[PDB]
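All of this is worked out from the model, or read from it or from the source named; no laboratory read-out is quoted. Here the Cβ is made from the backbone with ideal geometry for all residues, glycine too, and neighbour counts use every protein chain on show.
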Amino acid sequence: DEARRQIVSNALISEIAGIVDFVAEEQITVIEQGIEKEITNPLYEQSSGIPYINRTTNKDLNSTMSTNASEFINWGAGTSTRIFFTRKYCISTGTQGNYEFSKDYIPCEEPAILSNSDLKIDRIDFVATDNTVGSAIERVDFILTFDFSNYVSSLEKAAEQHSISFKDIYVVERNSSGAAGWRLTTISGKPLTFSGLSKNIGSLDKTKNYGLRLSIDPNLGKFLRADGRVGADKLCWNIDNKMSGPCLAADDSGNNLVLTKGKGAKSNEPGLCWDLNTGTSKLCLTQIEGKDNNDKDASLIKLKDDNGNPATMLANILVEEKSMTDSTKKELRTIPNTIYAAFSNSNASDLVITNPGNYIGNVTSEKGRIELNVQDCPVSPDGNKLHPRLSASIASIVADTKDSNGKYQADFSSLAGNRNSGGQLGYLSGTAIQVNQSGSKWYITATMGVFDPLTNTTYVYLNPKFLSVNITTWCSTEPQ
Amino acid sequence: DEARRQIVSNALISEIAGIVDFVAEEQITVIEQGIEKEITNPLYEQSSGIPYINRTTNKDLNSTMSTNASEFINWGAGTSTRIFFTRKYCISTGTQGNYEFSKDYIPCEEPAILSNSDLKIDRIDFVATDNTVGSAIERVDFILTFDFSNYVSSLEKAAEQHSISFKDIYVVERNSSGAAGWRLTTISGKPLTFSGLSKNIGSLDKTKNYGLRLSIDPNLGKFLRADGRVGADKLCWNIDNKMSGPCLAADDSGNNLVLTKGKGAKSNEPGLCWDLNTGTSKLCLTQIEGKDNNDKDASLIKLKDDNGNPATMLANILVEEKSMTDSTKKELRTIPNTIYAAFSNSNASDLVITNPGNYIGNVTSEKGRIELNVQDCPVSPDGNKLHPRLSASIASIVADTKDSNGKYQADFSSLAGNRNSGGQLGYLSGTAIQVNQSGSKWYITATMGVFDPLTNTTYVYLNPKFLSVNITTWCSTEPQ
Amino acid sequence: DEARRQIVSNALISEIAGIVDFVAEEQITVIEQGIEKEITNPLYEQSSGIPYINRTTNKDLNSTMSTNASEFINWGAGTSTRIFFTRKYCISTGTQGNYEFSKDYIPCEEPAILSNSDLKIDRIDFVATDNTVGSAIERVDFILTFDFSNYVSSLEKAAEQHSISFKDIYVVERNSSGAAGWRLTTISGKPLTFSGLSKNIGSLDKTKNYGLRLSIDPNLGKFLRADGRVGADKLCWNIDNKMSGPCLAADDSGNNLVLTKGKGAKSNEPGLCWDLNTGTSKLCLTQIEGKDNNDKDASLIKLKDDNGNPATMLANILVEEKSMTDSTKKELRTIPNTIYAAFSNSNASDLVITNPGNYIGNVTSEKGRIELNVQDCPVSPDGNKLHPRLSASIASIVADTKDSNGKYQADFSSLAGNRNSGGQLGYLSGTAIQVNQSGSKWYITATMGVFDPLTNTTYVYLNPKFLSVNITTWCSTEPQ
Amino acid sequence: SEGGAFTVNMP
Amino acid sequence: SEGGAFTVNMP
Amino acid sequence: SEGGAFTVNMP
């Protein structure tokens, strides 16, 4: 069953991956007296003790594996090794380890799947690059005891998923069950690598106890990697085979990437550009020189094509400014919309309000009204509730009266033709324009006073086709 | 002469490098007629044929070179090999190859100098990493026949210029002129490299046919590359020698790069920044926490300086929102402009419309009109035609009449002085304000009715200077 | 003093780093008669002279150091060597050198501290990769004479701070004070590395003159480097272990990075994205197809979530367009704000202007006025002074008169209740609305004419509560 | 909600 | 195109 | 700066 093998290999590679992470940190983030502190990894202090200083020297993958217990590191059951690679306070009391890492490299308790599995990490070798105490480790070999190509496929899959790869896989053997008895399995004096285990499986006696030695190369080499595990101090782009293009580097915050000019730029105007490569100009977001409201030196961003003409961005925009009434307070608003509209009462029955002093209206159901759906306000920063807003301004207004047939002729329903219907005008008293809202609708209503000097009769009109307004809608922190 | 040898070597390394480039691409970009397609390289399809699957097994540089024609790849004259490593349509009609590569790895016609030069590529060995069909290639051997230290200097110079390197150069010999008769030249049973032909030049009989074996290697896709031919799973930046800065990674779509916070960020506010380093703040585009119109968790982008103050972007802005009438439809709009303007008729001759009931004007030629150029709308997403829009709202309006000198004193041409000339007011009937457009011009005209109670005379005014409007101009998907 | 040793090492590494940087540039930017031009580094011209063609041949770090003066390069006092590695015009007249480099690799005048320090660069070896004139250099060795573990610590710190690392450090000795007498210090025939000077210090006689040979490798090509000293032609991201994600590459300008679609993208809509990973959609700035005002093919940018809905950007926006009056001139504007407000004179004492023909207002101190703070305008590009603007449009107006109690009932202070008090209306003469400003304030005032037909009395009102306006505020290059 | 008219005067 | 005036009244 | 009023008529 390979589904069980896959769990064992995922745990094994999880353990292997954590250990490599620990080796690959020369400075580790530790927790001394409640405040994170960076200290040198105990691996590279020539003052730390067993097992942090333990080193083997078989730099060659084909050299004889060590038989010294203070050179390799015995792992697993019966060993207190795990204490030295887990937090001091994996128990509430504190273990015998002296370090509280800011992060768990491996779980404090070994994965339960590995407690009785057929493949276990039995011993870990730290290959030293030189002969100084606390030297750098240039290869980590993991001896996994078998309690053979099925697991290698499974382990290779699990390592593929964890962004690690084996330098090589060797078959290792020992005559007993001691951690220092491990030697390389040999075919004619040549150590048997796993890739060559297909042809040499027959010349191996069942009298030995076998396992695999997985060799990794911890050092996260100074070069940027496909797995992205290299932090870049900066990165610059080439132009015509020279390092004269823009550069990206992080600022101190950890949140921001900063784009700066290259050495080849004759002008200092860095930009990010999008290109469809479909025959039109790329669009660039470029930083350019400016001046503030007090004529001091400043800068801004411009979205432009390759001709220097502004480009178009589709988005919701919020603008923040101090309230022009009370300063020291911020106000947010969106880009407004304008709709031209006139009211729609046309005949005398709907137009004339019979008893003005007594009339009590219902702007939700009055004839001739303007009705709109309440817009949805866009995203706003935390703690700034945006309210939908609406207002109306007078666009055209006349005091039209009944003609010889009791009909009203002045009509402003279409802006391109307001003067083409003239009407028979009286004296204007003015108009009262009101804006109300329910949960879903904006309601706009109006009242106009007119004196007819022909009949000396006073009329009050409701939502007339003689009055048209320009309606402005937006969202704002300033309520309605 | 080293000048001709250099030309020949330049061609040889061109061929060598091109072939190496093809091997090093497991996924190749091919042209299935009208469109680029990613396909598995025929080298690594266990379903491809001769010569795509041919592999030698001499992993060791000192091992026996293959003598099987279905293992090595015979090259040059007498072979149909080149067809399978060049574009299918190098002739307009088509060759026997089955692939239309998007790029020429090697020129379709072999460099004219190599047809009769003294050093020729006779055979290519693709060293397999295992014993599976379509396995990965770990070394490429180029057997160059001599038709020996003069040419190695030239080949090393040409390869220096091409960003490739020889793993080693070996001396090979054959008793006749067969492509499979190549074997390693030996001195006392030890294969003769090129770093040992100086001292062993004497023990070689001229009865053999000699050549050089330049060995290259394809997979150089472990560390990100200066030429950018290796993709990154992610990239993170450093701060103070720690991997605590922002990170960039692609999403699943293939279109987007995503910026995320680094481990050192105490706040989760990733940003892209521009900096001129001219003594002023960098400008950052930062993602911050927010809330939508239903108070649900959301986010937005903020363009800010280093003090947390909003910054400025010069661009055209489109806003999208549901139509406040039909809802089921989306509408686009631009940021409007506002113009204060008054009409410009001043005297009674131009002001008074003599016979209003019969009067029909020409708004494109009426005196005192407001005339503006029709704006150009910005780029809009496909299928969203933007229309120029204009509206006018009344800013000031009075029913002025002739004074004792027949002049009109009220004047609203300047907003800061609308009240300074009062005039002689009658009773206002209202105004009809009309906006028309040709292909190039906006025409804004207006008609005002006034009753003079001193003379009991009725007036109709055209484009009066005592009527002023605030003109709003913008672009929108909603027509005029 | 390790403080004095550190300054010597910083100078030493500065010289070393500059020299290595020059060695690492086969194409150098030179200046020939006013203009920068690219020429081949004289190191790799087989036509250049001493010392550009000088090469040693000890490829092995353990091989015999050359003793030929036309192979190594003598450095320092008594040598004209420095001339050939600094600009021709480090002196105003011109030196004997033949090249004016566009940049100083090492300072023209040697760091004054190196003129008499205990450690000096005595000789520089250019290890050749082959036996051609002007061949590539594969290692640069700096022989430092002592005029031994203290300074190695300091030099390694200085090289750490200067983004270089030593390939290896050897101990060298000479019997006298000649630059050609340098040979490798040996213990039992084995060249003494510095990592083995701890155990063998006693077997070294004080009769020799000793020094250190620092070996630096030349290039950092092909693979991008963590300290960012390697430029990228482009960089593409991976998706599912394939190079199918977006790509960034510099355009020709040196200012722009360009984002393009990946090979795996089924749509051509490249985007830059922010992600908080806090449960909401990432925000993307994506380029999409569009059409201009002439319906020609174009593009724009869209700020959208993963659902294709517009997102929100908080920033100041400037829009640029041609003046709708005088073409050929460009004008800037900001996103406006709208404020609904009414004037506030309510009682007869404040409302009625007794003798209108004689009244001279003080718009700064009149009762009932609308007063606002003059807004601050955002950043604008150089030479475009923005002026604050304010305008008013009529929202509601009625010709109210005294009621039976001498009170005025119509009140438009709240838009949602404009119709709630009808009042007792006369005939309207109109209104004059004026906007003025001091250094800090907007002053909005108004005058309304009313005829009371019940009393045949003429009224002029100042800042009445029955007049309301929509106040529009913005910034523009068009003045007030 | 509510909307109302207004009284006007007679000579 | 067009523009038109309007008729007003007489007491 | 300044502000001003306007004159209306008596019947």
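Remarks
Yes/no matrix, rows are residues, columns are (1) within 7 Å of another protein chain (Cβ to nearest Cβ); (2) in a loop (DSSP other than H, G, I, E, B):
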position	(1), (2)
A:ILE201	no, yes
A:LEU212	no, no
A:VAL258	yes, no
A:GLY264	yes, yes
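- Where C:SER281 falls short, out of the listed (1) under 19 Å from A:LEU257 (Cβ atoms); (2) surrounded by fewer than 21 Cβ atoms within 10 Å (Cβ to Cβ); (3) more than 7 Å from chain B (Cβ to nearest Cβ): (1)
- Taken across region C:104-116, residues that are surrounded by 15 or more Cβ atoms within 10 Å (Cβ to Cβ) and of a type in the set (S, T, N, Q) do not occur at all.
- Of everything listed in (1) buried (at least 17 other Cβ atoms within 10 Å of the Cβ); (2) under 30 Å from A:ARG5 (Cβ atoms); (3) in contact with a helix residue (DSSP H, G or I) (Cβ under 8 Å, 6 or more places away or on another chain), the single unmet condition for A:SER66 is (3).
- Sole residue being touching a strand residue (DSSP E or B) at 6+ places or on another chain (Cβ under 8 Å) and closer than 20 Å to C:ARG55 by Cα, chosen from C:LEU144, C:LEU155: C:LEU144
- Between C:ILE397, C:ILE335, the distinction of being more than 42 Å from the chain's Cα centre (by Cα) and in the same structural domain as C:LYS465 (by CATH) belongs to C:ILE397 only.
- Test: residue in region B:237-247 that is surrounded by fewer than 23 Cβ atoms within 10 Å (Cβ to Cβ) and at the interface with chain C (Cβ under 7 Å from one of its Cβ atoms): no
- Test for A:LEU351: is it within 21 Å of B:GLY308 (Cα to Cα) and assigned by CATH to the domain that holds A:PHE466: no
- Extreme residue, surrounded by the most Cβ atoms within 10 Å (Cβ to Cβ), among residues of region C:33-61 that are of a type in the set (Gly, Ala, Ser) and within 41 Å of the chain's Cα centre (by Cα): C:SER48
- Listed here are the strands (runs of 3 or more DSSP E) enclosed by region A:25-93 that have at least 3 residues being under 29 Å from A:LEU212 (Cβ atoms): A:72-74.
- Every condition in (1) in a loop (DSSP other than H, G, I, E, B); (2) touching a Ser or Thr at 6+ places or on another chain (Cβ under 9 Å); (3) away from chain D (no Cβ under 12 Å) is met by A:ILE317 except one, and the failing one is (1).
- All of (1) surrounded by 14 or more Cβ atoms within 10 Å (Cβ to Cβ); (2) of a type in the set (A, V, I, L, M); (3) over 34 Å from the mean Cα position of the chain (by Cα) hold for B:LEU220 with one exception: (3).
- Applying the condition of being more than 30 Å from C:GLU321 (Cα to Cα) and crowded, with 16+ Cβ neighbours inside 10 Å to region B:336-351 and asking which residue is nearest to the other protein chains (Cβ to nearest Cβ) yields B:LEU351.
- Test for C:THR401: is it surrounded by 21 or more Cβ atoms within 10 Å (Cβ to Cβ), hydroxyl-bearing (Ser, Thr, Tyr), under 20 Å from A:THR458 (Cα atoms) and within 8 Å of another protein chain (Cβ to nearest Cβ): yes
- Only listed residue being touching a strand residue (DSSP E or B) at 6+ places or on another chain (Cβ under 7 Å) and among the polar types (S, T, N, Q), chosen from C:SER177, C:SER188: C:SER177
- Only a single item in (1) buried (at least 20 other Cβ atoms within 10 Å of the Cβ); (2) more than 7 Å from every other protein chain (Cβ to nearest Cβ); (3) out of contact with any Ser or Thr (no Cβ under 8 Å at 6 or more places or on another chain) is not met by C:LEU332, and it is number (3).
- Check on B:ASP252, at the interface with chain C (Cβ under 7 Å from one of its Cβ atoms) and in a loop (DSSP other than H, G, I, E, B): yes
- Single match in A:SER365, A:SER396, A:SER391 (criterion: away from chain E (no Cβ under 12 Å) and either surrounded by 22 or more Cβ atoms within 10 Å (Cβ to Cβ) or touching a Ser or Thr at 6+ places or on another chain (Cβ under 6 Å) (or both)): A:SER391
- A:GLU26 being under 18 Å from B:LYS242 (Cα atoms), in contact with a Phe, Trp or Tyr (Cβ under 8 Å, 6 or more places away or on another chain) and surrounded by fewer than 16 Cβ atoms within 10 Å (Cβ to Cβ): yes
- Looking across region B:214-236, the residues that are in a strand (DSSP E or B) and more than 12 Å from chain C (Cβ to nearest Cβ) come down to B:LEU214, B:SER215, B:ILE216.
- Within region A:211-224, residues that are of a type in the set (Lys, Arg) sit with their Cβ atoms under 8 Å from residues that are surrounded by fewer than 17 Cβ atoms within 10 Å (Cβ to Cβ), at 6+ positions apart or across chains, in these pairs: A:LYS222/C:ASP227.
- Near pairs, Cβ below 6 angstrom, 6+ apart or cross-chain, from region A:271-295 (on the phi < 0 side of the Ramachandran plot) to any residue that is part of a strand (DSSP E or B) and surrounded by fewer than 18 Cβ atoms within 10 Å (Cβ to Cβ): A:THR280/C:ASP297
- The condition (being more than 14 Å from chain C (Cβ to nearest Cβ) and within 39 Å of the chain's Cα centre (by Cα)) is satisfied by just one residue among B:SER327, B:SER380: B:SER327.
- Residues considered: A:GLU26, A:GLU15, A:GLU100. Of these, the only one that is in contact with a helix residue (DSSP H, G or I) (Cβ under 9 Å, 6 or more places away or on another chain), more than 25 Å from A:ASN219 (Cβ to Cβ) and in the same structural domain as A:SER163 (by CATH) is A:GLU100.
- Candidate set from region A:291-311 (those that are at the interface with chain B (Cβ under 7 Å from one of its Cβ atoms) and part of a strand (DSSP E or B)); member that is surrounded by the fewest Cβ atoms within 10 Å (Cβ to Cβ): A:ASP297
- None of A:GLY430, A:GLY426, A:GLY417 is within 14 Å of chain E (Cβ to nearest Cβ) and under 30 Å from B:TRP442 (Cβ atoms) except A:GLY417.
- Among residues that are over 54 Å from the mean Cα position of the chain (by Cα), part of a loop (DSSP other than H, G, I, E, B) and more than 23 Å from C:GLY417 (Cβ to Cβ), C:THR354 is included.
- Test: residue in region B:137-151 that is crowded, with 16+ Cβ neighbours inside 10 Å, assigned to a helix (DSSP H, G or I) and within 14 Å of another protein chain (Cβ to nearest Cβ): yes
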